[PDB]
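Down below is the structure, laid out as structure tokens.
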Amino acid sequence: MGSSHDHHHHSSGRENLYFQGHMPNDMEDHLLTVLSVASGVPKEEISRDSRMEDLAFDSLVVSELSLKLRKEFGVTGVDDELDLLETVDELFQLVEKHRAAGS
């Protein structure tokens with residue numbers, strides 16, 4: 001008497017290892033990957049035409065997003081820019097215009 005055995009596995013069988021990180025031709029792909037790691041959800045679940053929900057619209061997720069951008073694109077100290085995010089496409093256009101600069 002006294003048992004309720006359940007050994008249910010979620011399953012996360014994944015195996016595909018590449019060294020593909022030289023010459024990020026698609027900035028959009030690399031920025032989408034920044035979002036894919038920050039949000040934790042795959043590339044298909046994030047698009048340019050989308051609103052800032054559980055992607056980059058939360059103080060923790062914005063600090064995580066910034067943390068990525070400092071390394072991935074060198075885009076640092078852009079708190080106001082990340083505060084002005086409404087659409088995901090706007091983030092693509094923002095880092096684009098920020099990389100181009102006024103210099």
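Starting from 1 in every chain, residues are counted up; chains themselves are A, B, ... following the order of the structure tokens, and ligands are numbered from 1 as listed.
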
_residue 33 (chain A) environment, 12 Å, only C-alpha atoms, sequence neighbours closer than 6 positions dropped, as a ChimeraX atom specification_ = /A:21,24,26-27,39-47,55,65,68-69,72-73,92

*Go ahead and compute the interatomic distance for CA of residue 54 (chain A) and CA of residue 35 (chain A), in Å to one decimal.*
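These atoms are spaced 10.1 Å apart.
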
*In Å, with one decimal, what is the gap from CA of residue 93 (chain A) to CA of residue 48 (chain A)?*
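CA of residue 48 (chain A) lies 9.6 Å from CA of residue 93 (chain A).
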
*Quick one: pull the distance between CA of residue 89 (chain A) and CA of residue 49 (chain A), Å, one decimal.*
5.9 Å
